[PDB]
file work_26.txt (compact mmCIF, C-alpha atoms and all ligand atoms)
# COMPACT_ATOMS: atom_id res chain seq x y z
CA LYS A 1 81.94 69.42 124.24
CA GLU A 2 85.22 70.60 122.71
CA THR A 3 87.94 71.27 125.31
CA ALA A 4 89.25 74.82 125.61
CA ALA A 5 92.71 73.77 124.40
CA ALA A 6 91.28 71.96 121.38
CA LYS A 7 89.08 74.91 120.51
CA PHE A 8 92.14 77.17 120.55
CA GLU A 9 93.97 74.78 118.23
CA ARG A 10 91.07 74.66 115.78
CA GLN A 11 90.43 78.39 115.78
CA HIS A 12 93.97 79.72 115.89
CA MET A 13 96.60 77.30 114.60
CA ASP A 14 97.71 76.98 110.99
CA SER A 15 101.18 75.38 111.00
CA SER A 16 100.91 74.03 107.44
CA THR A 17 101.77 77.29 105.73
CA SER A 18 104.44 79.91 106.38
CA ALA A 19 102.02 82.70 105.56
CA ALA A 20 98.79 83.57 103.81
CA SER A 21 99.51 83.15 100.08
CA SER A 22 96.44 85.01 98.80
CA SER A 23 93.43 87.23 99.56
CA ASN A 24 91.23 84.10 99.61
CA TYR A 25 93.05 82.46 102.54
CA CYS A 26 90.53 83.65 105.13
CA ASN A 27 87.39 82.66 103.23
CA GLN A 28 88.86 79.17 102.88
CA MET A 29 90.19 78.77 106.43
CA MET A 30 87.17 80.25 108.21
CA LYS A 31 84.96 77.74 106.40
CA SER A 32 87.18 74.70 106.89
CA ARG A 33 87.84 75.33 110.58
CA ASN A 34 84.05 75.43 110.98
CA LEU A 35 83.91 79.11 111.96
CA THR A 36 81.09 79.90 109.51
CA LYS A 37 78.69 77.05 110.33
CA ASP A 38 75.67 78.84 111.81
CA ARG A 39 76.97 82.40 111.49
CA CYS A 40 80.12 84.23 110.37
CA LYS A 41 82.65 84.60 113.17
CA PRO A 42 83.46 88.33 112.84
CA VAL A 43 87.20 88.30 113.62
CA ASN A 44 89.74 85.49 113.91
CA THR A 45 93.54 85.23 113.91
CA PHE A 46 95.52 82.23 112.62
CA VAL A 47 99.12 81.66 113.71
CA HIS A 48 101.59 80.20 111.19
CA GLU A 49 104.03 78.61 113.62
CA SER A 50 104.35 75.13 115.09
CA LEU A 51 101.95 74.10 117.83
CA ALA A 52 104.99 73.67 120.09
CA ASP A 53 106.10 77.27 119.48
CA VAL A 54 102.66 78.64 120.29
CA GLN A 55 102.30 76.45 123.40
CA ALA A 56 105.72 77.70 124.54
CA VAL A 57 104.33 81.23 124.81
CA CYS A 58 102.58 80.15 128.04
CA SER A 59 105.98 80.30 129.77
CA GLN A 60 107.15 83.52 128.14
CA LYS A 61 106.26 87.12 129.13
CA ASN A 62 103.37 87.38 131.62
CA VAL A 63 101.21 90.40 130.66
CA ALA A 64 97.69 91.59 131.45
CA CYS A 65 94.86 90.38 129.22
CA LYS A 66 92.55 93.03 127.79
CA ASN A 67 89.80 91.84 130.15
CA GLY A 68 92.00 92.35 133.24
CA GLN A 69 92.88 88.71 133.90
CA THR A 70 96.54 87.96 134.59
CA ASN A 71 96.98 84.64 132.75
CA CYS A 72 98.09 86.17 129.45
CA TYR A 73 101.50 85.75 127.87
CA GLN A 74 103.22 87.71 125.11
CA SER A 75 105.55 85.86 122.78
CA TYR A 76 109.16 86.95 123.03
CA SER A 77 109.48 86.74 119.24
CA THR A 78 107.26 87.89 116.42
CA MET A 79 105.32 85.16 114.65
CA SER A 80 103.69 84.93 111.25
CA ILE A 81 99.95 85.53 111.62
CA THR A 82 96.90 86.16 109.48
CA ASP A 83 93.99 88.23 110.74
CA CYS A 84 90.63 87.38 109.19
CA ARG A 85 87.82 89.93 109.47
CA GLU A 86 84.42 90.11 107.82
CA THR A 87 84.01 92.68 105.05
CA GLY A 88 80.94 94.82 104.34
CA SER A 89 79.85 92.40 101.59
CA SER A 90 79.75 89.60 104.18
CA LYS A 91 76.31 88.14 104.87
CA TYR A 92 75.64 84.63 106.20
CA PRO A 93 75.56 82.07 104.68
CA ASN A 94 77.87 83.86 102.24
CA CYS A 95 80.59 84.92 104.67
CA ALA A 96 83.36 87.08 103.21
CA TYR A 97 86.67 87.94 104.85
CA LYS A 98 89.58 90.31 104.39
CA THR A 99 92.93 88.58 104.81
CA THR A 100 95.73 90.55 106.48
CA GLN A 101 99.11 88.83 106.92
CA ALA A 102 101.57 90.21 109.48
CA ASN A 103 104.53 89.32 111.65
CA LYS A 104 103.74 90.25 115.22
CA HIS A 105 104.03 89.16 118.83
CA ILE A 106 101.05 87.13 119.95
CA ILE A 107 99.27 87.36 123.28
CA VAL A 108 97.43 84.30 124.53
CA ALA A 109 95.60 83.36 127.70
CA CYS A 110 96.80 80.08 129.22
CA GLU A 111 95.07 77.59 131.50
CA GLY A 112 95.18 74.01 132.72
CA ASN A 113 97.59 71.16 133.32
CA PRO A 114 99.34 71.09 130.95
CA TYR A 115 99.33 74.90 130.93
CA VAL A 116 98.38 75.66 127.32
CA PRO A 117 96.73 78.43 125.26
CA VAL A 118 92.94 78.71 125.60
CA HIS A 119 92.30 82.18 124.13
CA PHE A 120 93.88 84.48 121.56
CA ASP A 121 93.92 87.94 123.13
CA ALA A 122 95.71 90.18 120.63
CA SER A 123 98.82 90.65 118.55
CA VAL A 124 101.39 93.39 118.82
CA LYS B 1 80.95 113.48 131.30
CA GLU B 2 83.76 113.09 128.76
CA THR B 3 82.50 112.61 125.19
CA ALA B 4 83.34 109.34 123.45
CA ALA B 5 85.52 111.12 120.89
CA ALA B 6 87.43 113.00 123.58
CA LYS B 7 87.95 109.82 125.59
CA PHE B 8 89.43 108.15 122.51
CA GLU B 9 91.80 111.09 122.02
CA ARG B 10 92.94 110.98 125.64
CA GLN B 11 93.38 107.22 125.78
CA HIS B 12 94.81 106.53 122.35
CA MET B 13 96.53 109.52 120.73
CA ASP B 14 100.17 110.46 121.17
CA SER B 15 101.15 112.64 118.18
CA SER B 16 104.06 114.33 119.97
CA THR B 17 106.52 111.50 119.48
CA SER B 18 107.37 109.33 116.47
CA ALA B 19 107.73 106.28 118.67
CA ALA B 20 108.29 105.06 122.20
CA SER B 21 111.89 106.03 123.04
CA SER B 22 112.26 103.82 126.13
CA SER B 23 110.86 101.04 128.32
CA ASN B 24 109.45 103.70 130.67
CA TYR B 25 107.16 105.28 128.06
CA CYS B 26 104.08 103.36 129.22
CA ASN B 27 104.48 104.00 132.94
CA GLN B 28 104.72 107.71 132.15
CA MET B 29 101.90 107.91 129.60
CA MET B 30 99.42 105.72 131.49
CA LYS B 31 99.83 108.00 134.51
CA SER B 32 99.65 111.30 132.65
CA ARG B 33 96.63 110.37 130.54
CA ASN B 34 94.90 109.55 133.83
CA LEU B 35 94.60 105.82 133.14
CA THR B 36 95.95 104.83 136.58
CA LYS B 37 93.81 107.10 138.78
CA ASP B 38 91.67 104.64 140.76
CA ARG B 39 93.07 101.43 139.27
CA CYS B 40 95.57 100.33 136.62
CA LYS B 41 94.01 100.08 133.17
CA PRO B 42 95.27 96.63 132.12
CA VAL B 43 95.92 97.23 128.40
CA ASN B 44 96.09 100.38 126.31
CA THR B 45 97.43 101.31 122.86
CA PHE B 46 98.81 104.74 121.91
CA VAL B 47 99.03 105.81 118.27
CA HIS B 48 101.98 107.97 117.16
CA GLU B 49 100.38 109.67 114.18
CA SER B 50 98.54 112.96 113.72
CA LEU B 51 94.97 113.21 114.97
CA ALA B 52 93.94 113.90 111.36
CA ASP B 53 95.54 110.65 110.16
CA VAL B 54 93.79 108.61 112.83
CA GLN B 55 90.43 110.32 112.20
CA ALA B 56 90.86 109.57 108.49
CA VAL B 57 90.73 105.84 109.23
CA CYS B 58 86.95 106.21 109.70
CA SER B 59 86.64 106.46 105.91
CA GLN B 60 89.13 103.71 105.09
CA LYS B 61 88.54 99.91 105.09
CA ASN B 62 85.25 98.86 106.73
CA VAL B 63 85.87 95.64 108.72
CA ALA B 64 84.07 93.76 111.48
CA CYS B 65 84.85 94.71 115.08
CA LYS B 66 85.78 91.87 117.44
CA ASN B 67 82.40 92.27 119.16
CA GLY B 68 80.48 91.79 115.90
CA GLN B 69 79.55 95.42 115.26
CA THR B 70 80.13 96.73 111.74
CA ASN B 71 81.39 100.26 112.45
CA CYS B 72 85.08 99.36 112.53
CA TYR B 73 87.70 100.56 110.09
CA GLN B 74 91.19 99.27 109.36
CA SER B 75 93.85 101.77 108.36
CA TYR B 76 95.14 101.32 104.84
CA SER B 77 98.68 102.02 106.04
CA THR B 78 100.64 100.84 109.04
CA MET B 79 101.07 103.38 111.82
CA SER B 80 103.54 103.72 114.66
CA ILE B 81 101.93 102.43 117.86
CA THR B 82 102.88 101.52 121.40
CA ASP B 83 101.03 98.83 123.33
CA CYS B 84 101.06 99.26 127.10
CA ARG B 85 100.23 96.23 129.26
CA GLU B 86 100.52 95.64 132.98
CA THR B 87 103.36 93.39 134.14
CA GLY B 88 103.25 90.84 136.96
CA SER B 89 104.94 93.34 139.31
CA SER B 90 102.04 95.75 138.73
CA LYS B 91 99.89 96.49 141.77
CA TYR B 92 97.81 99.64 142.29
CA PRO B 93 98.72 102.31 143.25
CA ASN B 94 102.11 101.25 141.88
CA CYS B 95 101.07 100.42 138.33
CA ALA B 96 103.80 98.97 136.11
CA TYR B 97 103.67 98.51 132.34
CA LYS B 98 105.57 96.77 129.59
CA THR B 99 106.11 99.01 126.57
CA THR B 100 105.97 97.38 123.12
CA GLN B 101 106.50 99.60 120.07
CA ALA B 102 105.31 98.39 116.67
CA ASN B 103 104.25 99.52 113.22
CA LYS B 104 100.87 98.06 112.44
CA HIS B 105 97.49 98.75 110.90
CA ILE B 106 95.01 100.07 113.43
CA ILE B 107 91.36 99.13 113.72
CA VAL B 108 89.00 101.65 115.28
CA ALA B 109 85.26 101.87 115.82
CA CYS B 110 83.74 105.11 114.53
CA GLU B 111 80.58 106.96 115.51
CA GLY B 112 78.87 110.34 115.36
CA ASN B 113 78.70 113.47 113.26
CA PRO B 114 81.49 114.14 112.60
CA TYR B 115 82.19 110.42 112.16
CA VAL B 116 85.26 109.93 114.35
CA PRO B 117 87.04 107.18 116.33
CA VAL B 118 85.38 106.19 119.63
CA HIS B 119 87.11 102.86 120.37
CA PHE B 120 90.44 101.20 119.66
CA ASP B 121 89.64 97.64 118.60
CA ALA B 122 92.97 96.07 117.67
CA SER B 123 96.10 96.41 115.59
CA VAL B 124 97.28 94.14 112.81
CL CL C 1 91.12 86.22 117.23
CL CL C 2 93.69 99.52 123.66
call {"tool": "encode", "arguments": {"input": "work_26.txt", "output": "structure tokens", "more": "lines below"}}
Ligand SMILES: [Cl-]
Ligand SMILES: [Cl-]
result
Amino acid sequence: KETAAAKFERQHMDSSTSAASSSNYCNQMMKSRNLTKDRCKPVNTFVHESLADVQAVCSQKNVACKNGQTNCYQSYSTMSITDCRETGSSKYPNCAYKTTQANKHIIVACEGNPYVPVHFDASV
Amino acid sequence: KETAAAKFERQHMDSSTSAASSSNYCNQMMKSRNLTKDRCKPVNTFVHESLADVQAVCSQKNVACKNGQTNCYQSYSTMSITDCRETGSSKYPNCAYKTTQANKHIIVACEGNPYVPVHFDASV
């Protein structure tokens, strides 16, 4: 079983690019990160910062998570992100995603020792 | 019982200001929109655009909702928004919120006739 920290890395980290360079970014990344294997994951955000910078958020601003838990943290700075969301034309096994690049604060839930991101809650 | 459309208006519309003017915006708005009555709502976004502009999103870009439903719409333009999230010091009946102003696309779920916003899904 994949650990929670490793799942967060796979689903939400893309440190190899500064930003989405095209409308096809999401189709490509959702497939390669294995988020379209048995069905199309409806919504998924990738963060274009170093793993260290994203892990550091776990000691930044403590804020409520949408679900009411209190282990969420909001990044002090904005970060480059890409939101990937299925379009109307999307139908497994032909998943199709809209790519929206933005620079926003991220909010992650953190857990464990070491205390690292385990869920992506939202961006602001 | 409050209708779904009316609940969305109460929770998510603030057309009377162009933007949050201070760090106290959320404390004030969460109280006055009756979102701290019996407990502190953990997270809530207010949109600083006209009701007409927000309703118009229901005929803009159809995108997946986070929960997998297909009745979500992403605004073509960015809109002025304020995210309100409980801080660590927050404890009912003394709710306390961090105020984060941003300009972002909004994503809402739409339902009904007329086809209007009934949930705030996320911002990008
Ligand atoms: Cl996500
Ligand atoms: Cl919200």
call {"tool": "calpha_fit_and_write", "arguments": {"input": "work_26.txt", "fixed": "chain B", "moving": "chain A", "output": "PDB file with C-alpha atoms, keeping the file's coordinate frame"}}
result
ATOM      1  CA  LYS A   1      80.949 113.481 131.302  1.00  0.00           C
ATOM      2  CA  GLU A   2      83.758 113.090 128.762  1.00  0.00           C
ATOM      3  CA  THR A   3      82.499 112.610 125.186  1.00  0.00           C
ATOM      4  CA  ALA A   4      83.334 109.338 123.452  1.00  0.00           C
ATOM      5  CA  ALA A   5      85.522 111.120 120.888  1.00  0.00           C
ATOM      6  CA  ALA A   6      87.436 112.992 123.585  1.00  0.00           C
ATOM      7  CA  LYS A   7      87.946 109.823 125.584  1.00  0.00           C
ATOM      8  CA  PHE A   8      89.432 108.152 122.506  1.00  0.00           C
ATOM      9  CA  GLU A   9      91.798 111.086 122.022  1.00  0.00           C
ATOM     10  CA  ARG A  10      92.951 110.980 125.639  1.00  0.00           C
ATOM     11  CA  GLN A  11      93.377 107.222 125.782  1.00  0.00           C
ATOM     12  CA  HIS A  12      94.810 106.536 122.349  1.00  0.00           C
ATOM     13  CA  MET A  13      96.524 109.519 120.736  1.00  0.00           C
ATOM     14  CA  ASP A  14     100.172 110.456 121.166  1.00  0.00           C
ATOM     15  CA  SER A  15     101.152 112.632 118.182  1.00  0.00           C
ATOM     16  CA  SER A  16     104.065 114.325 119.976  1.00  0.00           C
ATOM     17  CA  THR A  17     106.520 111.494 119.471  1.00  0.00           C
ATOM     18  CA  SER A  18     107.369 109.331 116.469  1.00  0.00           C
ATOM     19  CA  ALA A  19     107.725 106.273 118.669  1.00  0.00           C
ATOM     20  CA  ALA A  20     108.293 105.058 122.198  1.00  0.00           C
ATOM     21  CA  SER A  21     111.889 106.037 123.043  1.00  0.00           C
ATOM     22  CA  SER A  22     112.262 103.828 126.126  1.00  0.00           C
ATOM     23  CA  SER A  23     110.857 101.036 128.316  1.00  0.00           C
ATOM     24  CA  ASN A  24     109.450 103.698 130.676  1.00  0.00           C
ATOM     25  CA  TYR A  25     107.151 105.276 128.066  1.00  0.00           C
ATOM     26  CA  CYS A  26     104.072 103.361 129.218  1.00  0.00           C
ATOM     27  CA  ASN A  27     104.481 103.997 132.943  1.00  0.00           C
ATOM     28  CA  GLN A  28     104.722 107.709 132.150  1.00  0.00           C
ATOM     29  CA  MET A  29     101.896 107.915 129.599  1.00  0.00           C
ATOM     30  CA  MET A  30      99.425 105.723 131.489  1.00  0.00           C
ATOM     31  CA  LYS A  31      99.823 107.998 134.510  1.00  0.00           C
ATOM     32  CA  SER A  32      99.652 111.304 132.651  1.00  0.00           C
ATOM     33  CA  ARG A  33      96.635 110.368 130.536  1.00  0.00           C
ATOM     34  CA  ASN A  34      94.898 109.552 133.830  1.00  0.00           C
ATOM     35  CA  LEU A  35      94.603 105.816 133.140  1.00  0.00           C
ATOM     36  CA  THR A  36      95.946 104.835 136.577  1.00  0.00           C
ATOM     37  CA  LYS A  37      93.813 107.097 138.787  1.00  0.00           C
ATOM     38  CA  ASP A  38      91.671 104.638 140.756  1.00  0.00           C
ATOM     39  CA  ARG A  39      93.070 101.428 139.272  1.00  0.00           C
ATOM     40  CA  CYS A  40      95.572 100.330 136.615  1.00  0.00           C
ATOM     41  CA  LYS A  41      94.008 100.085 133.170  1.00  0.00           C
ATOM     42  CA  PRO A  42      95.267  96.624 132.117  1.00  0.00           C
ATOM     43  CA  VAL A  43      95.921  97.223 128.401  1.00  0.00           C
ATOM     44  CA  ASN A  44      96.090 100.384 126.301  1.00  0.00           C
ATOM     45  CA  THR A  45      97.437 101.311 122.861  1.00  0.00           C
ATOM     46  CA  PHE A  46      98.810 104.746 121.910  1.00  0.00           C
ATOM     47  CA  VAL A  47      99.034 105.811 118.265  1.00  0.00           C
ATOM     48  CA  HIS A  48     101.982 107.973 117.164  1.00  0.00           C
ATOM     49  CA  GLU A  49     100.376 109.671 114.176  1.00  0.00           C
ATOM     50  CA  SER A  50      98.534 112.954 113.723  1.00  0.00           C
ATOM     51  CA  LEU A  51      94.969 113.211 114.969  1.00  0.00           C
ATOM     52  CA  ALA A  52      93.944 113.902 111.363  1.00  0.00           C
ATOM     53  CA  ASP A  53      95.546 110.654 110.161  1.00  0.00           C
ATOM     54  CA  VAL A  54      93.787 108.610 112.825  1.00  0.00           C
ATOM     55  CA  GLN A  55      90.427 110.318 112.201  1.00  0.00           C
ATOM     56  CA  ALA A  56      90.861 109.567 108.486  1.00  0.00           C
ATOM     57  CA  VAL A  57      90.730 105.840 109.232  1.00  0.00           C
ATOM     58  CA  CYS A  58      86.947 106.203 109.700  1.00  0.00           C
ATOM     59  CA  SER A  59      86.640 106.454 105.903  1.00  0.00           C
ATOM     60  CA  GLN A  60      89.128 103.708 105.088  1.00  0.00           C
ATOM     61  CA  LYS A  61      88.535  99.916 105.089  1.00  0.00           C
ATOM     62  CA  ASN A  62      85.247  98.855 106.728  1.00  0.00           C
ATOM     63  CA  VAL A  63      85.867  95.636 108.717  1.00  0.00           C
ATOM     64  CA  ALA A  64      84.065  93.756 111.483  1.00  0.00           C
ATOM     65  CA  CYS A  65      84.850  94.701 115.080  1.00  0.00           C
ATOM     66  CA  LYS A  66      85.778  91.872 117.433  1.00  0.00           C
ATOM     67  CA  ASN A  67      82.404  92.268 119.166  1.00  0.00           C
ATOM     68  CA  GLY A  68      80.479  91.794 115.893  1.00  0.00           C
ATOM     69  CA  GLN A  69      79.554  95.428 115.263  1.00  0.00           C
ATOM     70  CA  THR A  70      80.133  96.727 111.740  1.00  0.00           C
ATOM     71  CA  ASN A  71      81.387 100.267 112.448  1.00  0.00           C
ATOM     72  CA  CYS A  72      85.079  99.359 112.539  1.00  0.00           C
ATOM     73  CA  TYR A  73      87.698 100.561 110.090  1.00  0.00           C
ATOM     74  CA  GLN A  74      91.196  99.277 109.362  1.00  0.00           C
ATOM     75  CA  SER A  75      93.851 101.773 108.361  1.00  0.00           C
ATOM     76  CA  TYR A  76      95.140 101.317 104.837  1.00  0.00           C
ATOM     77  CA  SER A  77      98.681 102.028 106.047  1.00  0.00           C
ATOM     78  CA  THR A  78     100.647 100.845 109.037  1.00  0.00           C
ATOM     79  CA  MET A  79     101.068 103.378 111.822  1.00  0.00           C
ATOM     80  CA  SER A  80     103.535 103.717 114.662  1.00  0.00           C
ATOM     81  CA  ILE A  81     101.932 102.424 117.863  1.00  0.00           C
ATOM     82  CA  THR A  82     102.880 101.522 121.408  1.00  0.00           C
ATOM     83  CA  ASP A  83     101.029  98.835 123.330  1.00  0.00           C
ATOM     84  CA  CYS A  84     101.062  99.254 127.103  1.00  0.00           C
ATOM     85  CA  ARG A  85     100.227  96.231 129.259  1.00  0.00           C
ATOM     86  CA  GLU A  86     100.519  95.649 132.986  1.00  0.00           C
ATOM     87  CA  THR A  87     103.354  93.393 134.135  1.00  0.00           C
ATOM     88  CA  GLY A  88     103.256  90.842 136.962  1.00  0.00           C
ATOM     89  CA  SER A  89     104.939  93.339 139.316  1.00  0.00           C
ATOM     90  CA  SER A  90     102.041  95.751 138.729  1.00  0.00           C
ATOM     91  CA  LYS A  91      99.891  96.486 141.775  1.00  0.00           C
ATOM     92  CA  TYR A  92      97.809  99.640 142.284  1.00  0.00           C
ATOM     93  CA  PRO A  93      98.714 102.307 143.253  1.00  0.00           C
ATOM     94  CA  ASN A  94     102.107 101.256 141.882  1.00  0.00           C
ATOM     95  CA  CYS A  95     101.073 100.414 138.325  1.00  0.00           C
ATOM     96  CA  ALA A  96     103.804  98.967 136.109  1.00  0.00           C
ATOM     97  CA  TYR A  97     103.673  98.519 132.345  1.00  0.00           C
ATOM     98  CA  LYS A  98     105.579  96.773 129.586  1.00  0.00           C
ATOM     99  CA  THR A  99     106.118  99.007 126.567  1.00  0.00           C
ATOM    100  CA  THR A 100     105.968  97.380 123.126  1.00  0.00           C
ATOM    101  CA  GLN A 101     106.501  99.607 120.071  1.00  0.00           C
ATOM    102  CA  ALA A 102     105.309  98.392 116.663  1.00  0.00           C
ATOM    103  CA  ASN A 103     104.255  99.529 113.220  1.00  0.00           C
ATOM    104  CA  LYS A 104     100.870  98.058 112.440  1.00  0.00           C
ATOM    105  CA  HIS A 105      97.486  98.747 110.898  1.00  0.00           C
ATOM    106  CA  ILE A 106      95.011 100.070 113.423  1.00  0.00           C
ATOM    107  CA  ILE A 107      91.357  99.136 113.724  1.00  0.00           C
ATOM    108  CA  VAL A 108      88.999 101.652 115.280  1.00  0.00           C
ATOM    109  CA  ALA A 109      85.266 101.871 115.827  1.00  0.00           C
ATOM    110  CA  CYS A 110      83.737 105.108 114.527  1.00  0.00           C
ATOM    111  CA  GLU A 111      80.579 106.965 115.514  1.00  0.00           C
ATOM    112  CA  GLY A 112      78.872 110.338 115.362  1.00  0.00           C
ATOM    113  CA  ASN A 113      78.702 113.478 113.264  1.00  0.00           C
ATOM    114  CA  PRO A 114      81.496 114.137 112.597  1.00  0.00           C
ATOM    115  CA  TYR A 115      82.186 110.415 112.163  1.00  0.00           C
ATOM    116  CA  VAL A 116      85.269 109.931 114.348  1.00  0.00           C
ATOM    117  CA  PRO A 117      87.036 107.177 116.330  1.00  0.00           C
ATOM    118  CA  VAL A 118      85.385 106.192 119.625  1.00  0.00           C
ATOM    119  CA  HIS A 119      87.108 102.862 120.372  1.00  0.00           C
ATOM    120  CA  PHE A 120      90.442 101.199 119.658  1.00  0.00           C
ATOM    121  CA  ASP A 121      89.635  97.639 118.600  1.00  0.00           C
ATOM    122  CA  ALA A 122      92.972  96.064 117.675  1.00  0.00           C
ATOM    123  CA  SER A 123      96.095  96.401 115.589  1.00  0.00           C
ATOM    124  CA  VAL A 124      97.276  94.147 112.812  1.00  0.00           C
TER     125      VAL A 124
END
call {"tool": "residues_near_point", "arguments": {"input": "work_26.txt", "point": "(97.4, 105.3, 136.4)", "cutoff": "12 Å", "atoms": "only C-alpha atoms", "output": "ChimeraX atom specification"}}
result
/B:11,26-44,84-86,90-97
call {"tool": "closest_residue", "arguments": {"input": "work_26.txt", "among": "A:61, A:10, A:66, A:1", "to": "ligand CL 2 (chain C)", "atoms": "all atoms listed in the file"}}
result
A:66
call {"tool": "residues_near_point", "arguments": {"input": "work_26.txt", "point": "(89.1, 104.8, 102.7)", "cutoff": "9 Å", "atoms": "all atoms listed in the file", "output": "PyMOL selection string"}}
result
chain B and resi 56-62+73-76
call {"tool": "residues_near_ligand", "arguments": {"input": "work_26.txt", "ligand": "ligand CL 2 (chain C)", "cutoff": "12 Å", "atoms": "all atoms listed in the file", "output": "number ranges by chain"}}
result
A: 64-67, 121-124; B: 7-13, 30, 35, 41-47, 81-85, 106-109, 118-123
call {"tool": "axis_aligned_box", "arguments": {"input": "work_26.txt", "around": "range 65-83 of chain B", "padding_each_side": "4 Å", "output": "lines of an AutoDock Vina configuration file"}}
result
center_x = 91.5
center_y = 97.8
center_z = 114.1
size_x = 32.0
size_y = 19.9
size_z = 26.5
call {"tool": "residues_around", "arguments": {"input": "work_26.txt", "residues": "residue 79 in chain A", "least_positions_apart": "6", "cutoff": "9 Å", "atoms": "only C-alpha atoms", "output": "PyMOL selection string"}}
result
chain A and resi 47-49+102-106
call {"tool": "closest_residue", "arguments": {"input": "work_26.txt", "among": "A:55, A:116, A:98, A:110", "to": "chain B", "atoms": "only C-alpha atoms"}}
result
A:98
call {"tool": "atom_distance", "arguments": {"input": "work_26.txt", "atom1": "CA of residue 69 in chain A", "atom2": "CA of residue 100 in chain B"}}
result
19.0 Å
call {"tool": "closest_residue", "arguments": {"input": "work_26.txt", "among": "B:77, B:99, B:50, B:3", "to": "residue 25 in chain B", "atoms": "all atoms listed in the file"}}
result
B:99
call {"tool": "closest_residue", "arguments": {"input": "work_26.txt", "among": "B:24, B:80, B:87, B:18", "to": "chain A", "atoms": "only C-alpha atoms"}}
result
B:87
call {"tool": "atom_distance", "arguments": {"input": "work_26.txt", "atom1": "CA of residue 5 in chain B", "atom2": "CA of residue 52 in chain B"}}
result
13.0 Å
call {"tool": "atom_distance", "arguments": {"input": "work_26.txt", "atom1": "CA of residue 17 in chain A", "atom2": "CA of residue 111 in chain A"}}
result
26.6 Å
call {"tool": "closest_residue", "arguments": {"input": "work_26.txt", "among": "B:113, B:15, B:23, B:101", "to": "chain A", "atoms": "only C-alpha atoms"}}
result
B:101
call {"tool": "closest_residue", "arguments": {"input": "work_26.txt", "among": "B:114, B:63, B:51, B:89", "to": "chain A", "atoms": "all atoms listed in the file"}}
result
B:63
call {"tool": "decode", "arguments": {"input": "work_26.txt", "residues": "range 72-85 of chain A", "atoms": "N, CA and C atoms", "output": "CSV table (one decimal), in the first residue's frame"}}
result
chain,number,residue,atom,x,y,z
A,72,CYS,N,-4.5,21.6,8.9
A,72,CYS,CA,-4.2,22.2,7.7
A,72,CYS,C,-3.3,23.4,7.8
A,73,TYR,N,-2.6,23.7,6.8
A,73,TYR,CA,-1.6,24.8,6.8
A,73,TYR,C,-1.7,25.5,5.4
A,74,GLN,N,-1.7,26.8,5.5
A,74,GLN,CA,-1.7,27.7,4.3
A,74,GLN,C,-0.4,28.3,4.1
A,75,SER,N,0.2,28.1,2.9
A,75,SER,CA,1.5,28.7,2.6
A,75,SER,C,1.5,30.2,2.7
A,76,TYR,N,2.6,30.7,3.3
A,76,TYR,CA,2.7,32.1,3.5
A,76,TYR,C,2.8,32.8,2.1
A,77,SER,N,3.5,32.1,1.1
A,77,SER,CA,3.6,32.7,-0.2
A,77,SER,C,2.7,32.0,-1.2
A,78,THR,N,2.5,32.7,-2.3
A,78,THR,CA,1.8,32.1,-3.4
A,78,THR,C,2.8,31.1,-4.1
A,79,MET,N,2.3,30.1,-4.7
A,79,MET,CA,3.0,29.1,-5.4
A,79,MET,C,2.4,28.9,-6.8
A,80,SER,N,3.2,28.5,-7.8
A,80,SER,CA,2.7,28.1,-9.1
A,80,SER,C,2.0,26.8,-9.0
A,81,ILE,N,0.8,26.8,-9.5
A,81,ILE,CA,0.0,25.6,-9.5
A,81,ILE,C,-0.8,25.4,-10.8
A,82,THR,N,-1.2,24.1,-11.1
A,82,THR,CA,-2.1,23.9,-12.2
A,82,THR,C,-3.2,23.0,-11.6
A,83,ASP,N,-4.4,23.5,-11.8
A,83,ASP,CA,-5.6,22.7,-11.6
A,83,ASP,C,-6.0,22.0,-12.8
A,84,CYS,N,-6.3,20.7,-12.6
A,84,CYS,CA,-6.7,19.8,-13.7
A,84,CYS,C,-8.1,19.3,-13.4
A,85,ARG,N,-9.1,19.6,-14.3
A,85,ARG,CA,-10.5,19.1,-14.0
A,85,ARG,C,-11.1,18.6,-15.3
